Structures are given as C-alpha cells and as structure tokens.
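# Examining the three-dimensional arrangement
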Amino acid sequence: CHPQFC
Amino acid sequence: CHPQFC
Amino acid sequence: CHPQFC
Amino acid sequence: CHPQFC
Amino acid sequence: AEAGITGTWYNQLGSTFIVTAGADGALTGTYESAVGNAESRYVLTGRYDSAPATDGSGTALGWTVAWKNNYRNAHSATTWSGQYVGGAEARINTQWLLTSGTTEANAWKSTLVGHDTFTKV
Amino acid sequence: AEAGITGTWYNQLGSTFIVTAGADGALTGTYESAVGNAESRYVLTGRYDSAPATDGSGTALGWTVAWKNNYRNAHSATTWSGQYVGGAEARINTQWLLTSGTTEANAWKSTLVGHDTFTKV
Amino acid sequence: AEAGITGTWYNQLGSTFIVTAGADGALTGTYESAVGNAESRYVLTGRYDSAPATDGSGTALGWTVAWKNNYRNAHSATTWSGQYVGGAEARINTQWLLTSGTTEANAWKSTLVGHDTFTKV
Amino acid sequence: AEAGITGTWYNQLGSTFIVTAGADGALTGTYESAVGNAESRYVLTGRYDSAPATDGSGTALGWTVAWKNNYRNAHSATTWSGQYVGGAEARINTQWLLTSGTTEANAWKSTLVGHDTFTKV
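What counts and how
- Residues numbered from 1 in each chain as written, not as in the entry; some residues may be left out.
- Chains lettered and ligands numbered in written order.
- Heavy atoms only, no water.
- Contact = heavy atoms within 4.5 Å.
- Buried area = accessible area lost by both parts, 1.4 Å probe.
- Salt bridge = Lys/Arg side-chain N within 4 Å of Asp/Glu carboxyl O.
- Helix = DSSP H or I, 4+ residues; strand = E, 2+ residues; numbered from the N terminus.
- Nonpolar A, V, L, I, M, F, W, Y, C, P; charged D, E, K, R; others polar.
- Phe/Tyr/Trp six-rings, centres within 6.5 Å; stacked < 30°, edge-to-face > 60°.
- Buried < 20%, exposed > 50% of the residue type's maximum accessible area, 1.4 Å probe, protein only.
- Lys NZ or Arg CZ within 6 Å of the ring centre and 35° of its normal.

### As for the interface of chain E and chain F
Interface size is commonly expressed as the accessible area that is lost once the parts come together. Taken residue by residue, the interface counts 45 residues in chain E and 45 residues in chain F. Summed over both sides, the interface between chain E and chain F buries roughly 3,100 Å², with carbon and sulfur atoms accounting for 57% of that surface. The interface formed by chain E and chain F includes two salt bridges. Here F:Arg91 makes a salt bridge to E:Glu104, at a shortest N to O gap of 3.0 Å.

### Digging into the interface of chain E and chain B
Residue-level contacts link 15 residues of chain E with six residues of chain B. Taken together, both faces of the contact between chain E and chain B bury some 760 Å²; the carbon and sulfur share is 61%. Where chain E touches chain B, the interface holds zero salt bridges. Of all the elements in the fold, those that place two or more residues in the side of chain E that touches chain B are β6 (73–85) and β7 (91–100) of chain E. Per-element accounting of the side of chain E that touches chain B gives the leading share, four residues, to β6(E). Split by residue class, the side of chain E that touches chain B holds nine nonpolar, four polar and two charged.

### Details of the packing of aromatic side chains
Enumeration over the complete set of coordinates arrives at 44 aromatic pairs over all chains. A centroid spacing of 5.8 Å and a plane angle of 65 degrees characterise the contact between H:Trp63 and H:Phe118, whose relative ring orientation is edge-to-face. One end of the pair, H:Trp63, is in strand β5 (residues 59–68); the other, H:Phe118, is in strand β8 (residues 111–119), and 55 residues separate them in sequence. Here H:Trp63 matches H:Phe118 in class, with each residue buried. A connected cluster of aromatic rings, assembled from ring pairs, spans E:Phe17, E:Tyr31, E:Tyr42, E:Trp63, E:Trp67, E:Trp80 and E:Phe118. Sitting over the ring of G:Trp108, G:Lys109 keeps its end group 5.7 Å from the ring centre.

Here it is, written out as structure tokens:
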C-alpha cells in the first residue's frame, strides 16, 4: 500500500 | 472538435 | 510553438 | 519480469 | 468477462462502443461519437487477457480506433488500456492515449492523455 | 505507410514485432519478447490512419497485445499509441500504457506508462 | 484562482491537501493520506499559471510530493498536472505520474499513471 | 543525489534546467527554453526522495514549471516525474504532463504527455 493512498 | 468527442 | 520547446 | 520485457 | 464484455458500453459523454469478445482474446466492434449519426462510427479492434480469477480482479484489455471512415479522416488514432469489472454494475475503467500525425518538429504536441469509464447504462 | 509499415520492427531492448498493414487500416501481427524463444510470441492487432500527406507528417497508429499465449498468462495488456515516419531511417515512435487486472483496492497501481521507438534495424 | 485555490481540497479516496497559492505563482502546502494520522503528512510544492480569463478557462497548475517524512520513506515521488475551475463547485482535475526509484533493469516498471479530482467538500 | 543533482542539465532539444537540491528534499531552480534568450527562463520547484541505496536504484523526483514570466504567459504548466541516476554519465529520465487551461468543453484536449532525458553534457 503506498502513502499516496494509505 | 475531434471524432472521439463529437 | 510553446515555451517548453522554443 | 514481464513478457513485454523478457 | 468475454460474454460479460460483449455488448454496448457508454461513457460519460455519450460515446457508445459495441464489442464482441471472441473465445481467443479478440475484441472487435465499432465506436460511435456524440450526435449518433449514421457515421460518426469507426472500427475498433483490441485484445483482452482472460484468466483472467479467485480474488475478484478485473480483466485487462485494450483496443484501438484509427479516426478514419467514409466521412472523416482526423489523421489520428486512440488506444484505450484498462480493465473490465463485471457484476451488478459492470464497468470498464480506462486511460487513453490519442496520437495525431505531426511533422517531426511538432511531435511534442502529438499525444494527449485522458481517461474514460464505460458502463452498460 | 501501409507497405512501409509492413515488416519487422525492433525496439531498443530487443523486442521484435512483425506486422502486416492491410489496405483498409488494419494492423495484424505478433510481438516477441527478449530471449526470442518459440513462444515469448503474442498476437497483436491494431489500426492505422492512412491519408495519412503533403507536409511530411507521420501516420498515426496503435495496437494492443494481451499477454496470454500457451506458455504464459500475465493478466495484463499493453496498448502502444504513436506514429510511423518512413524514409531512410523509418521508425515508429510510441508511448504505451500497460494495465494489469487488479482488485478494486489496487486499481491505483494498475497502469504503467512508458515509451518505445522501433526501427527496421 | 489564487485566493480560490488556497484552502483544503479532498479527492474521492479521502486524501486531503492543504495549499496556499502565493501572489507570484507559488503553491506550498501539505498532502495527507487516508487514516489522517499525525504523519501520513508530506510537503508539497508546485506552481500555477495565473492570467489565467474572459472565456471561463481553468487555471493550469501542478505540484510534486516526494513520499518521505519522519515515519515513512517510500522512495518515490508523484507529480499532479491539471487545472483549477472555480465557482459554486470548484474543483481541480488532474492526471498524475508516480515514479519509484528502480535499478536500470526495472526502469520499465517505474512510473504509474492515474487521475484525481479534488473538491472543497 | 542532492550534490549530484545540483547543477545544469540539458535535454535532447537544447532546453537547460539549473537546480539546487536542498538538504531536506527541496528542488529549486529555473528552466530555459531554446534560443537561450534572457527570458525564455521560468521558475521551477519540485521535490526529490533521498534514501534514496545498497542496490543502485535511482532517486525519485519531480518538479513543476508554470509557463508564465515577464515576456510570456502560455496559460499552461508542465510537471516532470522521473529518477536521477548518478555516475560517469548521470542522467535524469522523466515522463511529463503538460496541461493547458481550457474551457470545460475542451478539457479532453488539455493534457499532452511525453518524455525527456537530461544529461550534464
């Protein structure tokens, strides 16, 4: 999961 | 205007 | 022509 | 590696 | 997918696309622009990857439309790349690339990028 | 174009693509990955816009390859959008979109974008 | 624009972005991911083109966020390119490119492309 | 990176970009178009993700340039997303999005996509 999303 | 649109 | 190019 | 590449 | 893909799809602007997904990955059909006149209809051809699924993934696909028919020649082609999701409200989410033929000097302005979502309604 | 497009094309990584451009805008052929083994070969289908020209413009085209054959099923498809430029050193300059089927949660990571240039040499 | 851009914006996933548009084209602020914890907050910097208008055009802008802060280092950066439309329901429509650092062999998988729409609500 | 990024970079068309990578991820500088006249110079701002590395990965970065200065206002902005690779022949490989402000009807033609590679030579 990437910071842009979570 | 282009065929993809109109 | 656009500044990015010329 | 994906078929597009290898 | 396949049966699920076959049919009529509409995007948020009114464009309609009609496709037949064949047994072995082929996608054939026609794309019609707004107005919906006899020939704002262009041929489309593409492919889809069937396996496609024990975890609810979408089915990857893509197609191309060259904007030339018997009434118009827009010297351009568009490719849509995305996936099909079936279900109550099946849809095809895509990103597209529209390239116009240019001279080598204008090649920087040859490709536009956008996205489209198609539904059965 | 057309005759000029028909043939074998290579990109900077070694991938090869073989196409036949038909009279009425069709593009059919196969794409082969690196290694060049019997079947790193996938079917490709696309379209090109012929008019295409009194000012040296390129010919717009696009094609799709679903990454599934009898040895591999990568649950993805790639579309290439670009133009063909003929001449001493003819080439096809493209931008591509590679979409993988994902679950709705991972849809953000479903499409990669890149570019490729193909030559006859 | 400018005053109109300054404020809090939300996209369809819950991410929030807070920006100050300065007199001379600067855009500074922070981007916060979902969960909304003290630090899923990253610095953002960008520019906007003011003239911007006697025909209702949008204001072109873009910003970048490097995904590194005191709790996370995702070795990637995202750039959003789009335009701001003001009014009753002002919004910013964008297309984004997310690049991750890779080795030269994996460079083909380094950039993902997508789109986002931000609203004040 | 950082020190390695700081300096003058050139792309294949002659455009030049001058940047200072600051300790904490900031990228500030100016972009100059071809001709190289006093002011075909525009301000650029961006960010880079430092960790960046025990396996030779590139450093992810991105920046934006709004095409407005004291001689030109092109009502557009470009964002470059890519990575920096250092070494004998260091380079920055990027993909860019150029968005122009349009009316809502023309939004489909608002974003062009391309790529650029910058070198120190």
